[PDB]
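piece number one of the complex, untouched:
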Amino acid sequence: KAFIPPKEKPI
Amino acid sequence: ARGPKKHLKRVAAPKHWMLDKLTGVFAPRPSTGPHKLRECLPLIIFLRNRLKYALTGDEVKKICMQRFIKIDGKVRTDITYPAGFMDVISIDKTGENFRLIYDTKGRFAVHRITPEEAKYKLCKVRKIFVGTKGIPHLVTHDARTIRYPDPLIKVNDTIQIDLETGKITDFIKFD
Amino acid sequence: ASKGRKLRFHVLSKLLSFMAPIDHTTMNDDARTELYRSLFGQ
Amino acid sequence: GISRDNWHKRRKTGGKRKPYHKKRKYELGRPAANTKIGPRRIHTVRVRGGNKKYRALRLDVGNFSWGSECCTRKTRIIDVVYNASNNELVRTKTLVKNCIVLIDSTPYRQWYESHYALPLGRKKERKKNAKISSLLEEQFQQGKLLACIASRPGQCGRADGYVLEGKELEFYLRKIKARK
Amino acid sequence: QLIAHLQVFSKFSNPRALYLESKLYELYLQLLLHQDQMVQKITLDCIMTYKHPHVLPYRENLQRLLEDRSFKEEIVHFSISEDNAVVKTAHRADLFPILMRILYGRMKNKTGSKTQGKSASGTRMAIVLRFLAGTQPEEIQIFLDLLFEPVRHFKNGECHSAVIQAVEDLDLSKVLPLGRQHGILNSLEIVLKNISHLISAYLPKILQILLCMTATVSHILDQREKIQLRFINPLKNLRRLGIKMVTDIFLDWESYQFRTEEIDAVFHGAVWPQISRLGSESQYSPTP
Amino acid sequence: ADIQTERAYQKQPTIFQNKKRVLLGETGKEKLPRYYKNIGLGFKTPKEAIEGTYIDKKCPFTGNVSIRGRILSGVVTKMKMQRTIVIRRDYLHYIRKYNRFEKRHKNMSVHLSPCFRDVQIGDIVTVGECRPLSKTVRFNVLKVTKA
């Protein structure tokens, strides 16, 4: 879990 | 400890000094010297407690500054000078000589010696090493180092040193 | 992963709200996309 | 500050320990001396006991020993080619212990020519033994010799070493060739 | 008093227009060999008044040679070898007469931070000659003429004749000083060791100088009854060094063609004076 | 096999290996002189340590370490690290209150020089005290006797 990359969404 | 302590408490003094309990909080901390702190007898203790020549510390200082006490043939003015085993003390004003020898109970004893006996002392050989220019050197128990010793002398042997010259006269082998 | 060799995505407490987003862009958003499409020989 | 203490480390079993004291003076550390190549610039540092440490920041010359010929000569340093610890020191030209450097070969050539009276580096009752391996001859033709630094520039302030020869020489040559 | 005179001449804009300027330049060149630093730096200023196009650009490097702190660094960073040189090839002819005389003065007095005293004399000679090893055989000749100046009188004449006439023209009242003679041999030993590859042309006259002094010292060593006792030990040391260098020259230079006169000279000054008594000395240790 | 397995050149520091020689001596044998020392205390240096070719600075016989202090013995338990093993020492601890004993054990990480070979699980090892070689290693292997 510590190495899973976060995913961001374009606002 | 954070730093070295310069105040020797009376209860932490060596038990062979025969100090009583209600004199005071402190005991004379011996100055650094030829003998270890735990195996030495300070000049003030020998001069005011053993011989009863002095009453107070200022009294011991007044005695010492007159250059009356000689330790191993040399005048010592430090009242906390560490005197140890096989040491010769001369007081010419009282015409008296002492040699510090352990007694059967494990304490330094007031042993009077004949003035011809006070001309020499015995030392235990601690170290043998070759110095600069191939000059042999011998180191004793009382921090005395001597150049050009007899080749037959090894570690744990005993040597007789003449106090006037500081040279080896003869030796006893460990056997 | 030893000595932080592998990147980790835990939240940093001290870095939270260290700066505020401040933007001064003269180009409008429509102009930027048209410029980006036509960059270099493209 | 830089501390090189031991109580900030985890235990052998893996548990962490909590401090009982603040940092002490005798556990201090100092910033590293990244010795570059350039005009001589050395700083002195007062250390515990009142002694001195010579912190060489920039060096360009040093004495190196030709062990086979037993010829110690003072020559300038040109470049850093190999470092076992890290390649970044090779990039930044940092002088540390056991790094491989290139030195000028002029004094060694002069000594050889004055001693054996044979030409060297030129373009196309035991007696004296003037025999040199092909690798050293090639390096002398190139004009630069490979050397290994034996002293610590950040501690003594000087960069001394020895000329690479033999099994070590082809080992390092192979390492340099494989790196490219 | 000399510094006072030199200072005013350093502040002259056009030294060429000065009267008797030709003799002034000769005086300045002689003063470059001086041992004192303050004499040398003020003399260099007078030379730089002549804004010679070749000497002038290397002014800063010359001054750092005259500074105690920056001498050793300047030696490395003022390379004169033809492969890599700071000085250009066209400028070598003009710069070298200035350079050699400055280095000769430093060699006598001081060539670094810790190089002072009679004990460090060998270190001083070594440092200069390694720097001069990169020069051509023509350019090194200027320095060797300065080094062997007191013994020029041994050079003239043929090899065998020079050895013989030196013995005859010997007076116990006046000789070259033994201390200076010891300096000549120590300097000459260092020269043969380090610049032997630039010495082939000048080698035959070295044999003349070396043999003549060795022959003379043996002559006083025969006449011990007329000399002081304290002088005996330095003379024996002088003879020992002379034979050792002849031993060195024979050990190397295998292909060198020795003339007949030189073979006569070596027996006159080295072999015959001691060969008769060789059974007496060699038994304890091998004599030179 | 091959002793050059690291990024740096492995060499025995006190031996000079670039001495130039005549061709007749080179034709004979290129045998490097080995360095080894007598450690004292009655222990004998192994033979294959004398004619070996391994490089180990922590070797008690061919490295720069000194043996002084306490001499202990144990049973070898684990060989899984590089040149270091884990041994076990068993003993009995006495409690006065109930007047009996309890069994206790200690685990010790000790360095092996590559000299000692044919070492298995459960054989007796005699080890000696030396300077700290790592975080947890302070003893070196001196003698191996089979089970």
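That came in fine, so what should we check first? Numbering: from 1, shown residues only, chains lettered A, B, ... in the order given.

burial measure for the residue of chain F found nearest chain C, as a count.
Residue of chain F nearest chain C, by Cβ to the nearest Cβ: residue F:135 (15.7 Å). Every C-beta, even on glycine, is put in place using the N, C-alpha and C of the backbone. Using other Cβ atoms under 10 Å in any protein chain shown, residue F:135 is surrounded by 10 other residues.

which stretches of chain B form helices?
Using DSSP state H, the helices of chain B run over B:43-45, B:57-64.

those into CSV, with extra columns for distance to chain F and mean neighbour count?
As requested, these are exported to CSV (distance: least, Cβ to the nearest Cβ, whole Å; neighbours: other Cβ atoms under 10 Å in any protein chain shown):
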stretch, distance to chain F, mean neighbour count
helix B:43-45, 39, 24
helix B:57-64, 45, 16
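
that's a helix at residue F:86, yeah?
No. Using DSSP: H, G, I helix; E, B strand; the rest coil, the assignment for residue F:86 is strand, not a helix.

that one reaches residue F:105, doesn't it?
No. Contact between residue F:86 and residue F:105 fails when scored by Cβ atoms under 8 Å: they sit 11.9 Å apart.

ok, now chain G:
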Amino acid sequence: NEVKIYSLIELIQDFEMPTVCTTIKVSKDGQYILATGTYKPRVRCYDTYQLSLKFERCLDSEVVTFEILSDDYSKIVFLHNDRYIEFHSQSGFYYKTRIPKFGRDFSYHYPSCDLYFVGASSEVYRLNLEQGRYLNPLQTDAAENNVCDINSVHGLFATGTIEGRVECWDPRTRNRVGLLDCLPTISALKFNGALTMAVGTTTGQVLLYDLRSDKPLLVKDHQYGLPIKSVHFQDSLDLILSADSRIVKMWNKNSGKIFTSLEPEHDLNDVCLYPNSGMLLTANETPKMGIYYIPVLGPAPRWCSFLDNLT
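Once chain G is put in with the chains from before, the structure reads:
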């Protein structure tokens, strides 16, 4: 060559790093000038009005480059050769963190609070600053990346590569808008205006690039082979300043006419121009920091207004 550059009594006292000066920079307000150097790596801030140093802060390791995030001296970010990123508040040291691989250079995007790390990895690290969490990586597909720059006009990010190719990315949506091809690596990369771009090479060439045309508008070649570290733009006279270790060259943007050249005694680690002034600040391999004033280029700075009278 009729420019008569002067050299400087003491404008700011103790403008002296102990041995060398690595990087010299100025704040947006112009109030504070910041310098770093060896030995005992320091950050020294000099107030222009007081003509003295405000403070000195020692650091563990040498700083390759630093960026002044705040308008004033409060917030500073340091990049270290030990892979360390140090944040300094107005009080002092605030926090320190590591980067997975060594960092060559970094740039900060003021919109979105994203700071980009270019270093010894193919990927370029992104650190969001409003939330402390590291953001998603972007893969440049190049073995080594040397330099990076962000355009202020329209927010365009370009990273230099060791192969010699400039790759342009978009801070929004994190996609590669374009790529540019041009043996020597990219020493210096600089954005000026909306449409003008400059590429530095280790061989010693300055190439001016237009975003729309692949071919360079003009090329200027330094005769020395030394790499050019810094490229700067001066808007009023349209002068482009290219600096290398040996010398500093100032030449016109169009037709490449040379304004003047300054050669100092020691090599330049960095150069800086005070905004809207002829004053030039240089960092050298010398305990002193060089200060030069060019009357022709611009007027004297306000805090040094009397310098015009002194000339």
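
just say helix, strand or coil for residue G:309.
helix.

measure it to chain D for me?
38 Å (Cβ to the nearest Cβ, to the nearest Å).

any idea whether the closest residue to residue G:52 other than its chain neighbours is helix, strand or coil?
Computed as Cβ to Cβ, 6 or more residues apart in numbering or on different chains, the closest residue to residue G:52 that is not its neighbour in sequence is residue G:13, at 5.5 Å. Of the three states, residue G:13 takes coil according to three-state DSSP.

residues near residue G:13, how many?
11.

OK, contacts around it?
Contacts for residue G:13 (Cβ atoms under 8 Å, 6 or more residues apart in numbering or on different chains) come out as G:51, G:52, G:53.

helix or strand right after the helix or strand containing the last one?
When you say that, I think you mean residue G:53. Here residue G:53 sits within strand G:52-58, counting by DSSP states H and E. Note on strand G:52-58: by DSSP H and E, the next helix or strand toward the C-terminus is strand G:63-68.

if we can go back for a sec, roughly how far apart are the residue nearest to residue G:52 and chain D?
Distance from residue G:13 to chain D, by Cβ to the nearest Cβ: 23 Å.

following sequence is chain H, place it on the structure:
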Amino acid sequence: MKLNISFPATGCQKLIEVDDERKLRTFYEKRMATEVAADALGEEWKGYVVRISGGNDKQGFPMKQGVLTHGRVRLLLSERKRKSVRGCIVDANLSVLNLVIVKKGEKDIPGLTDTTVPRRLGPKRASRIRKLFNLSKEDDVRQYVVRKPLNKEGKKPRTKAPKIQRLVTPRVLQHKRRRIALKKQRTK
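Adding chain H to the chains above:
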């Protein structure tokens, strides 16, 4: 605005209050340690040249050479503290300005140069005495010691001379001889 003028050749100081702005205008907008021809001061000051040594502003803060400003700054001065110092540029907002006369003019100032202030103390080290009196090695330094006559009311007249230091006396030679003897004894 006051001027403290000193003549070092005679060593005389004088404080003059000049209320004329026209006279002080010539000193305005000039830096310290610069040579100024003070002709505007008056008819007595013709051909005189002065050097600006220092001064104090209306709040009593002194001037420092390095700083270049018209006002006050806070610099680290001597373990260094942030003291406030006035800039070196001379302005009209100065309480006092110091001047040192370097070149003498035609006429003489009635305060400074007509009278002479003598030096009060002679040299004490032997070599400095020899240099001052151009003594050779053979001349005796003890003969050339400057004696100070001193008299007070109710006291006998007296004359005192300083003790010569670095003077060769037999005691020092005996000490050197003893050191050489100790070296000989050690070798023996």
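
mind redoing the contacts of residue G:13 now chain H's in there?
G:51, G:52, G:53, H:66, H:67, H:75, H:76.

elements contacting the strand holding residue G:53?
Applying 3 or more Cβ pairs under 8 Å, 6 or more residues apart in numbering or on different chains; DSSP states H and E, one finds that strand G:52-58 makes contact with strand G:42-47, strand H:72-77.

in JSON lines, list those strands along with mean neighbour count and distance to residue E:90.
Shown next, in JSON lines, are those (neighbours: other Cβ atoms under 10 Å in any protein chain shown; distance: least, Cβ to Cβ, whole Å):
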{"stretch": "strand G:42-47", "mean neighbour count": "20", "distance to residue E:90": "48"}
{"stretch": "strand H:72-77", "mean neighbour count": "16", "distance to residue E:90": "54"}
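
between those, which one is closest to chain D.
strand G:42-47 (10.5 Å).

who touches the longest strand seen in chain D?
Ranked by number of residues, the top strand in chain D under DSSP state E is strand D:71-82. For strand D:71-82, contacts defined as Cβ under 8 Å, 6+ apart pick out D:37, D:59-66, D:89-90, D:93-95, D:99-108, D:111, D:144, D:146, D:159, D:172, D:175-176, D:179, E:76.
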